[PDB]
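Peer 1: Before I ask anything, let me first share the structure, which is written out below as structure tokens.
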Amino acid sequence: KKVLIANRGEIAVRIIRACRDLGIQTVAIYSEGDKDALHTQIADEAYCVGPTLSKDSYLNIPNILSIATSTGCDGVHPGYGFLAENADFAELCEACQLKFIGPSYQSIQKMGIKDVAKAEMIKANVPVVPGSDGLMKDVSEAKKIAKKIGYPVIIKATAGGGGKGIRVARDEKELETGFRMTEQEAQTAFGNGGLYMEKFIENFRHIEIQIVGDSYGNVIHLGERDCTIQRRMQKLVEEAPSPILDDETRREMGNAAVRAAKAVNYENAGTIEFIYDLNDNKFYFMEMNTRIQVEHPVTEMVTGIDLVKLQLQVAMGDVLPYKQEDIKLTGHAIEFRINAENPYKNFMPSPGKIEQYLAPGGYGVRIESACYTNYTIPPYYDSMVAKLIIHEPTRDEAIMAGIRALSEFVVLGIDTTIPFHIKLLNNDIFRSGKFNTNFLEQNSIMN
Amino acid sequence: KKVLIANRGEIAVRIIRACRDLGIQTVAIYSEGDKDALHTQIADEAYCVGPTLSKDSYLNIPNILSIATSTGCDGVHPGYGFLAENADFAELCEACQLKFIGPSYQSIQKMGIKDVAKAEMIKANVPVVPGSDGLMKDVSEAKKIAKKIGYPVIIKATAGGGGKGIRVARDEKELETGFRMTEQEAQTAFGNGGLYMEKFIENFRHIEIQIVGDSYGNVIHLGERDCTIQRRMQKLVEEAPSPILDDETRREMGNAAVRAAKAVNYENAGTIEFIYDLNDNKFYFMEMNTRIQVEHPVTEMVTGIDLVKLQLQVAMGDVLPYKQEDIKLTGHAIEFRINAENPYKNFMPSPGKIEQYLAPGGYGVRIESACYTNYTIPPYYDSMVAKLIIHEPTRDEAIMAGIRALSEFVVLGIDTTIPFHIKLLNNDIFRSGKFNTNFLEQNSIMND
Ligand SMILES: Nc1ncnc2c1ncn2[C@@H]1O[C@H](COP(=O)(O)OP(=O)(O)NP(=O)(O)O)[C@@H](O)[C@H]1O
Ligand SMILES: Nc1ncnc2c1ncn2[C@@H]1O[C@H](COP(=O)(O)OP(=O)(O)NP(=O)(O)O)[C@@H](O)[C@H]1O
Ligand SMILES: [Cl-]
Ligand SMILES: [Cl-]
Ligand SMILES: [Mg+2]
Ligand SMILES: [Mg+2]
Ligand SMILES: [Mg+2]
Ligand SMILES: [Mg+2]
């Protein structure tokens with residue numbers, strides 16, 4: 001009946017749209033900085049939750065819970081980021097008679113301590129990257145494990161998110177220096193300096209499987225997303241299906257992801273991330289995001305399934321409206337994350353007022369955005385202007401259509417990364433579809 | 001390689017987008033009044049064709065042909081309206097070695113003299129609305145036929161388009177009066193005063209079938225569009241598939257449409273309009289539109305087929321890349337034509353500068369517009385702001401999702417018809433899916 005959206009930006013707008021499609025009432029929250037945010041305008045009601053820094057606004061749990069109960073909400077949608085993978089917030093909602101629109105706290109706990117997640121996958125017969133058994137207490141056993149696994153190794157925060165608390169070590173001296181750095185950063189960022197170690201995979205594709213469970217033990221997958229085009233770990237361009245994957249591997253990986261989700265009795269939407277090793281064409285579980293993702297639209301276009309609406313439906317108590325045999329991926333979709341950065345200045349942030357915003361339309365085109373003419377993106381959270389998604393019958397058609405779409409997208413007053421994406425789509429290595437995660441790093445797409 | 005777009009507005013934008021998908025270079029034209037027009041920005045080059053009134057700009061054939069050859073274009077896409085159903089311009093293009101993106105002039109002649117179109121359909125074994133065979137010489141001849149057909153009748157210009165030269169006669173005296181007014185109006189408008197007569201069908205549903213043929217004898221249909229929500233003759237809300245139609249009638253009408261198409265060796269995209277009579281559940285051919293239509297995108301979403309790209313593909317000599325067995329309509333789409341009119345003032349036109357324009361997005365939404373912030377829609381042409389299309393798995397879902405999308409569509413500075421479409425979507429009759437073409441005439445949505 002009524003849902004509080006515990007987020008901001010384009011995901012808040014997105015969830016709000018999903019609620020209205022189901023006739024659900026919407027409560028937006030905003031920080032002092034987000035006073036002009038679009039989601040606060042399109043919500044049925046909006047409430048200030050605290051000052052600009054996320055720690056006192058969007059992560060201010062007592063205030064979010066307070067507002068939620070005060071206004072008579074039945075649930076809370078966390079979106080992505082902020083409190084979406086926070087098991088304690090999830091538990092507190094439940095204790096308030098508020099439905100956390102997402103998986104259980106037990107589920108968030110199990111998959112949210114990434115070393116424990118791995119051990120759970122080994123027991124659900126899911127392959128995982130060779131590595132340490134749980135956390136390393138010392139550099140000493142980090143050095144011991146790393147010589148057992150073989151360099152290069154990657155040291156990762158077990159409580160980790162947003163790319164923070166991850167370091168490659170290519171020799172013992174790097175592992176020694178990187179251990180203390182990552183432990184420090186993790187304790188600060190997460191209140192948990194526990195680190196685990198993995199073989200650092202060098203030639204792979206980032207393949208992730210969308211899963212969705214209901215409250216009745218039914219789990220399905222909506223195929224894969226290919227998120228190999230990455231700058232500094234962070235995803236820039238996502239596509240569905242993967243250009244390099246055959247139907248037998250899609251099926252084998254989808255089945256692995258469904259085993260993953262039910263080993264932890266997973267409910268609502270999540271994503272299994274897999275490392276697809278191009279050296280032997282084997283996949284490895286890397287982690288689960290126990291939440292909706294930025295890139296969900298690429299999947300929604302090829303599958304025809306409204307994933308956020310399905311999140312709300314699953315939370316309201318609906319059984320899954322599709323079994324696995326009803327799911328098909330039709331056509332090809334590619335998402336471009338358009339940020340307020342200048343690709344001609346090595347992606348230097350570009351703050352300012354948007355003087356002209358003209359979003360493209362036409363066949364195949366979906367624009368996801370909270371930006372509008374005269375809007376100023378506050379520099380304290382994010383750089384996302386829009387996600388553009390192109391859906392065509394083939395990949396080459398999506399590429400041609402994407403240039404078309406991207407080429408008429410007017411965002412003036414600030415620099416954006418549209419030019420980067422236009423240049424990528426004209427790149428012959430990209431068009432070949434054959435490449436790994438290092439692609440941006442061992443090329444110079446901007447010329 | 002290079003194509004001139006012989007149109008304006010949102011359809012020029014649509015065409016230019018389809019050209020860029022194919023790697024084709026684009027030449028926009030514009031009237032003096034259309035200097036700010038979005039299609040002139042996104043085109044590769046833009047040229048002035050002349051003064052604001054269409055007669056000297058967008059219907060200026062000598063100037064359009066000069067720019068097409070001057071700039072070295074291979075074809076001309078006429079969109080809809082203006083020169084799209086002008087056989088003589090199609091001929092002229094062909095004589096200039098320009099591919100008219102559409103059917104042959106011969107086909108444009110056959111189906112564009114509407115009484116002859118009808119006669120061709122009877123030979124093609126396609127049902128037509130009862131009436132006269134050919135034109136009526138005289139008011140006397142109209143009187144005799146109208147007595148034979150039985151009142152009520154509708155007198156229709158044979159060279160008629162844009163809904164001019166059509167009026168109902170419920171009795172003799174009306175017919176005497178209607179004949180002369182319609183003959184005068186059709187002469188003025190079309191240079192052809194010839195009228196034909198049909199039974200005026202009073203309880204019906206507007207069901208039209210999308211056709212596409214290629215240059216190799218292949219003709220497919222992409223199912224139906226239901227355009228029953230009309231206001232004074234003009235379409236307002238379209239949906240695919242028709243909510244009141246089973247798949248046996250879908251096949252029947254599709255096969256009827258396909259016979260019609262190849263009866264005239266039809267190439268490229270056309271639409272066959274049927275009258276679906278709710279008294280006996282019978283369909284009758286009313287006319288063919290030998291062109292793409294305003295409402296094509298609702299078909300494109302349900303079928304996944306890019307129709308305007310397919311027009312270009314067909315015009316470059318491509319074999320139809322779809323077979324009939326492989327065409328499925330999936331889910332349900334509703335298009336809403338959003339105009340610069342005030343629905344709270346009986347749709348009074350609302351001229352002005354648009355001061356804020358915010359297109360909704362999200363799941364299932366597709367916006368078709370040439371409008372933007374600080375744009376002023378000239379009051380000289382077809383007054384569209386945007387088409388909004390919603391595509392969902394079911395009709396009820398589409399309705400809900402369209403309220404969502406329409407409710408956040410911001411257009412400030414002019415009044416628009418957005419509030420009418422929101423009131424339509426909350427109407428119980430519309431939601432039932434059961435109504436006929438006089439729905440907005442028997443109902444008053446704006447009071448709801
Ligand atoms: N074993 C590995 N070998 C090579 N690269 C890795 C490995 N583990 C992680 N990475 C890279 O580091 C990125 C982030 O890893 P991940 O384990 O997803 O961290 P995260 O902080 O949870 N990020 P998020 O996806 O936002 O939750 C991955 O997308 C890979 O590009
Ligand atoms: N026999 C009929 N009985 C009842 N209504 C009719 C009949 N013929 C036409 N109409 C109505 O008049 C409208 C216009 O007729 P039509 O033959 O489509 O003319 P047009 O000028 O070619 N319009 P267009 O579709 O823009 O090319 C139809 O959509 C019907 O609503
Ligand atoms: Cl994400
Ligand atoms: Cl039309
Ligand atoms: Mg993570
Ligand atoms: Mg990850
Ligand atoms: Mg007509
Ligand atoms: Mg018509």
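Within each chain, counting starts at residue 1; across the structure tokens, chains are named A, B, ... in the order shown, with ligands numbered 1 upward in that order.
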Could I get the residues of chain A with an atom no further than 6 Å from an atom of ligand 1, each paired with its nearest atom pair and that distance in Å to one decimal, using only C-alpha atoms and all ligand atoms, sorted by chain and residue number, as a tab-separated table?

Peer 2:
```
residue	atom	partner	partner_atom_place_in_ligand_line	distance
A:154	CA	ligand 1	1 (N)	6.0
A:160	CA	ligand 1	21 (O)	4.9
A:161	CA	ligand 1	21 (O)	3.3
A:162	CA	ligand 1	26 (O)	3.9
A:163	CA	ligand 1	21 (O)	3.5
A:164	CA	ligand 1	21 (O)	5.4
A:198	CA	ligand 1	1 (N)	5.1
A:199	CA	ligand 1	1 (N)	5.4
A:200	CA	ligand 1	3 (N)	3.8
A:201	CA	ligand 1	3 (N)	3.9
A:233	CA	ligand 1	31 (O)	4.7
A:286	CA	ligand 1	17 (O)	5.9
A:287	CA	ligand 1	17 (O)	5.6
A:289	CA	ligand 1	27 (O)	5.8
```

Peer 1: Which residues of chain B are close to chain A, meaning at most 7 Å apart when you count only C-alpha atoms, and how do they look as a list in words?

Peer 2: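 Only these qualify: residues 14, 17, 20, 21, 42, 306, 358, 361, 362, 363, 366, 367, 368, 372, 400, 401, 404 and 408 of chain B.
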
Peer 1: Given a cut-off of 7 Å, what residues near ligand 2 show up using only C-alpha atoms and all ligand atoms, put as a list in words?

Peer 2: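 Checked against 7 Å with only C-alpha atoms and all ligand atoms; the hits are residues 129, 154, 160, 161, 162, 163, 164, 166, 198, 199, 200, 201, 202, 206, 233, 286, 287, 289 and 437 of chain B.
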
Peer 1: Next, dump the selected residues to file, keeping only N, CA and C atoms, as a PDB file, in the first residue's frame.

Peer 2:
```pdb
ATOM      1  N   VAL B 129     -17.287  -2.049 -47.708  1.00  0.00           N
ATOM      2  CA  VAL B 129     -18.519  -1.485 -47.175  1.00  0.00           C
ATOM      3  C   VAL B 129     -19.489  -1.292 -48.349  1.00  0.00           C
ATOM      4  N   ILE B 154     -22.890   7.879 -45.920  1.00  0.00           N
ATOM      5  CA  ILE B 154     -21.748   8.761 -45.786  1.00  0.00           C
ATOM      6  C   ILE B 154     -21.215   9.021 -47.203  1.00  0.00           C
ATOM      7  N   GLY B 160      -9.936  11.782 -51.406  1.00  0.00           N
ATOM      8  CA  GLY B 160      -9.902  12.289 -50.056  1.00  0.00           C
ATOM      9  C   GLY B 160      -8.768  11.748 -49.213  1.00  0.00           C
ATOM     10  N   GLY B 161      -8.189  12.649 -48.419  1.00  0.00           N
ATOM     11  CA  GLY B 161      -7.252  12.311 -47.348  1.00  0.00           C
ATOM     12  C   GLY B 161      -7.387  13.326 -46.221  1.00  0.00           C
ATOM     13  N   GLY B 162      -6.706  13.074 -45.107  1.00  0.00           N
ATOM     14  CA  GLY B 162      -6.808  13.924 -43.922  1.00  0.00           C
ATOM     15  C   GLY B 162      -8.211  14.139 -43.366  1.00  0.00           C
ATOM     16  N   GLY B 163      -9.165  13.299 -43.768  1.00  0.00           N
ATOM     17  CA  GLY B 163     -10.527  13.351 -43.233  1.00  0.00           C
ATOM     18  C   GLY B 163     -11.378  14.505 -43.734  1.00  0.00           C
ATOM     19  N   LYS B 164     -10.934  15.178 -44.798  1.00  0.00           N
ATOM     20  CA  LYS B 164     -11.740  16.204 -45.454  1.00  0.00           C
ATOM     21  C   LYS B 164     -12.529  15.581 -46.601  1.00  0.00           C
ATOM     22  N   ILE B 166     -15.795  14.389 -46.301  1.00  0.00           N
ATOM     23  CA  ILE B 166     -16.598  13.291 -45.757  1.00  0.00           C
ATOM     24  C   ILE B 166     -17.735  13.825 -44.880  1.00  0.00           C
ATOM     25  N   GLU B 198     -21.211   5.195 -49.213  1.00  0.00           N
ATOM     26  CA  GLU B 198     -21.256   3.940 -48.477  1.00  0.00           C
ATOM     27  C   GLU B 198     -22.338   3.992 -47.414  1.00  0.00           C
ATOM     28  N   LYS B 199     -22.733   2.827 -46.911  1.00  0.00           N
ATOM     29  CA  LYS B 199     -23.538   2.777 -45.700  1.00  0.00           C
ATOM     30  C   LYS B 199     -22.707   3.392 -44.585  1.00  0.00           C
ATOM     31  N   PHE B 200     -23.319   4.258 -43.780  1.00  0.00           N
ATOM     32  CA  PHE B 200     -22.641   4.816 -42.620  1.00  0.00           C
ATOM     33  C   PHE B 200     -22.767   3.839 -41.462  1.00  0.00           C
ATOM     34  N   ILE B 201     -21.672   3.168 -41.126  1.00  0.00           N
ATOM     35  CA  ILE B 201     -21.678   2.176 -40.044  1.00  0.00           C
ATOM     36  C   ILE B 201     -21.617   2.891 -38.700  1.00  0.00           C
ATOM     37  N   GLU B 202     -22.604   2.604 -37.860  1.00  0.00           N
ATOM     38  CA  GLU B 202     -22.811   3.369 -36.629  1.00  0.00           C
ATOM     39  C   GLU B 202     -22.253   2.718 -35.374  1.00  0.00           C
ATOM     40  N   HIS B 206     -12.591   0.627 -35.005  1.00  0.00           N
ATOM     41  CA  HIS B 206     -11.564   0.891 -36.017  1.00  0.00           C
ATOM     42  C   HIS B 206     -10.355  -0.045 -35.880  1.00  0.00           C
ATOM     43  N   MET B 233     -13.214  12.497 -35.984  1.00  0.00           N
ATOM     44  CA  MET B 233     -12.657  11.744 -37.114  1.00  0.00           C
ATOM     45  C   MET B 233     -11.172  11.372 -36.938  1.00  0.00           C
ATOM     46  N   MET B 286     -12.230  -0.335 -45.597  1.00  0.00           N
ATOM     47  CA  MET B 286     -12.613   1.068 -45.718  1.00  0.00           C
ATOM     48  C   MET B 286     -11.649   1.822 -46.633  1.00  0.00           C
ATOM     49  N   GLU B 287     -10.347   1.664 -46.373  1.00  0.00           N
ATOM     50  CA  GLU B 287      -9.295   2.213 -47.230  1.00  0.00           C
ATOM     51  C   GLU B 287      -7.915   1.658 -46.887  1.00  0.00           C
ATOM     52  N   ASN B 289      -3.952   3.148 -46.385  1.00  0.00           N
ATOM     53  CA  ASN B 289      -2.995   4.255 -46.270  1.00  0.00           C
ATOM     54  C   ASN B 289      -1.652   3.796 -46.834  1.00  0.00           C
ATOM     55  N   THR B 437     -16.482   3.597 -31.881  1.00  0.00           N
ATOM     56  CA  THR B 437     -15.889   4.874 -32.314  1.00  0.00           C
ATOM     57  C   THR B 437     -16.537   6.166 -31.778  1.00  0.00           C
TER      58      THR B 437
END
```

Peer 1: Would you give me, as an MDAnalysis selection string, the residues in stretch 323-359 of chain A that DSSP reads as helix (DSSP H, G or I)?

Peer 2: chainID A and resid 324:326 343:345

Peer 1: Let me see the file: selected residues, N, CA, C and O atoms, as a tab-separated table (two decimals), in the first residue's frame.

Peer 2:
```
chain	number	residue	atom	x	y	z
A	324	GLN	N	11.19	-21.17	-14.98
A	324	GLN	CA	12.42	-20.96	-15.74
A	324	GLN	C	12.21	-21.12	-17.24
A	324	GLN	O	12.86	-20.45	-18.03
A	325	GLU	N	11.27	-21.99	-17.61
A	325	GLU	CA	10.98	-22.30	-19.01
A	325	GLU	C	10.22	-21.18	-19.73
A	325	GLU	O	10.17	-21.15	-20.95
A	326	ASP	N	9.63	-20.27	-18.96
A	326	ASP	CA	8.98	-19.08	-19.51
A	326	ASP	C	9.98	-17.96	-19.85
A	326	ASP	O	9.64	-17.04	-20.59
A	343	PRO	N	35.81	12.78	-20.49
A	343	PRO	CA	36.74	11.76	-20.97
A	343	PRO	C	38.01	12.31	-21.67
A	343	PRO	O	39.01	11.59	-21.77
A	344	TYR	N	37.95	13.55	-22.17
A	344	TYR	CA	39.12	14.22	-22.75
A	344	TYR	C	40.11	14.75	-21.69
A	344	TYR	O	41.22	15.16	-22.04
A	345	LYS	N	39.70	14.73	-20.42
A	345	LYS	CA	40.58	15.09	-19.31
A	345	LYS	C	40.67	13.93	-18.31
A	345	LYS	O	40.57	14.13	-17.09
```

Peer 1: Determine, counting only C-alpha atoms, which protein, DNA and RNA residues have an atom within 12 Å of an atom of residue A:1; residues of the same chain fewer than 5 positions away are not included. Present the result as a ChimeraX atom specification.

Peer 2: /A:19-20,22-27,71-76,98-99,312-313,315-316

Peer 1: Which residue is closest to residue B:375? Choose from B:131, B:352, B:433, B:343 and count only C-alpha atoms.

Peer 2: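 Of B:131, B:352, B:433, B:343, the one nearest residue B:375, counting only C-alpha atoms, is B:352.
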
Peer 1: So, with only C-alpha atoms and all ligand atoms as the atoms that count, which of A:89, A:151, A:190, A:285 lies closest to ligand 6?

Peer 2: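 Of A:89, A:151, A:190, A:285, the one nearest ligand 6 is A:285, counting only C-alpha atoms and all ligand atoms.
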
Peer 1: Per DSSP on the backbone, filter stretch 159-318 of chain B down to the residues in strand (DSSP E) and report them as an NGL selection string.

Peer 2: :B and (166-169 or 195-199 or 204-213 or 219-231 or 234-240 or 268-277 or 282-289)

Peer 1: I want to know what sits within 6 Å of stretch 104-120 of chain B, based on only C-alpha atoms, with residues of the same chain fewer than 4 positions away left out; could you give that as a list in words?

Peer 2: residues 87, 90, 91, 134, 158 and 159 of chain B

Peer 1: Restrict the selected residues to N, CA and C atoms and save them as a PDB file, in the first residue's frame.

Peer 2:
```pdb
ATOM      1  N   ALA B  87       0.929  10.447 -55.918  1.00  0.00           N
ATOM      2  CA  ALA B  87       1.449   9.555 -56.976  1.00  0.00           C
ATOM      3  C   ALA B  87       2.380  10.296 -57.935  1.00  0.00           C
ATOM      4  N   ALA B  90       5.848  10.789 -56.441  1.00  0.00           N
ATOM      5  CA  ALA B  90       6.513   9.480 -56.585  1.00  0.00           C
ATOM      6  C   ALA B  90       7.042   9.243 -58.008  1.00  0.00           C
ATOM      7  N   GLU B  91       6.212   9.523 -59.019  1.00  0.00           N
ATOM      8  CA  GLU B  91       6.623   9.426 -60.437  1.00  0.00           C
ATOM      9  C   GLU B  91       7.797  10.327 -60.698  1.00  0.00           C
ATOM     10  N   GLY B 134     -18.270   3.017 -58.029  1.00  0.00           N
ATOM     11  CA  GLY B 134     -17.645   4.216 -58.556  1.00  0.00           C
ATOM     12  C   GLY B 134     -18.280   5.490 -58.039  1.00  0.00           C
ATOM     13  N   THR B 158     -13.331  10.737 -53.257  1.00  0.00           N
ATOM     14  CA  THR B 158     -12.538   9.597 -53.704  1.00  0.00           C
ATOM     15  C   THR B 158     -11.039   9.906 -53.635  1.00  0.00           C
ATOM     16  N   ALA B 159     -10.680  11.164 -53.885  1.00  0.00           N
ATOM     17  CA  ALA B 159      -9.293  11.631 -53.739  1.00  0.00           C
ATOM     18  C   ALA B 159      -9.039  12.127 -52.321  1.00  0.00           C
TER      19      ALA B 159
END
```

Peer 1: Which residues, written as a list in words, have at least one atom at most 8 Å from residue B:374, with only C-alpha atoms counted and residues fewer than 4 positions away on the same chain left out?

Peer 2: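 Here the answer would be residues 353, 354, 355 and 356 of chain B.
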
Peer 1: Which residue is closest to residue A:227? Choose from A:139, A:209, A:46, A:278 and count only C-alpha atoms.

Peer 2: A:209

Peer 1: Residues near residue B:346, anyone? I mean within 12 Å using only C-alpha atoms, not counting same-chain ones fewer than 3 positions away, as a PyMOL selection string.

Peer 2: chain B and resi 231-232+341-343+349-350+415-417+420+440+444-447

Peer 1: From the list A:44, A:34, A:238, A:176, which residue is nearest ligand 3 when using only C-alpha atoms and all ligand atoms?

Peer 2: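 Using only C-alpha atoms and all ligand atoms, the shortest distance to ligand 3 belongs to A:238.
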
Peer 1: Leaving out stretch 280-283 of chain B and any residue of its chain fewer than 4 positions from it, which residues lie within 9 Å of it when counting only C-alpha atoms, given as a count of residues only?

Peer 2: 9

Peer 1: How many Å separate atom CA of residue B:371 from atom CA of residue B:38?

Peer 2: 7.2 Å

Peer 1: So how far away is atom CA of residue A:103 from atom CA of residue A:275, in Å?

Peer 2: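 Going from atom CA of residue A:275 over to atom CA of residue A:103, I get 23.6 Å.
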
Peer 1: One decimal, Å: what's the distance from atom CA of residue A:390 over to atom CA of residue A:295, could you say?

Peer 2: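 Value for the atom CA of residue A:390-atom CA of residue A:295 distance: 12.4 Å.
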
Peer 1: Compute the set of protein, DNA and RNA residues whose minimum atom distance to ligand 3 is at most 8 Å, using only C-alpha atoms and all ligand atoms, and state it as a list in words.

Peer 2: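 Those residues are residues 80, 81, 289, 291, 292, 293, 294 and 295 of chain A.
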
Peer 1: What does the list of residues within 6 Å of ligand 4 look like if you count only C-alpha atoms and all ligand atoms, written as a ChimeraX atom specification?

Peer 2: /B:80,293-294
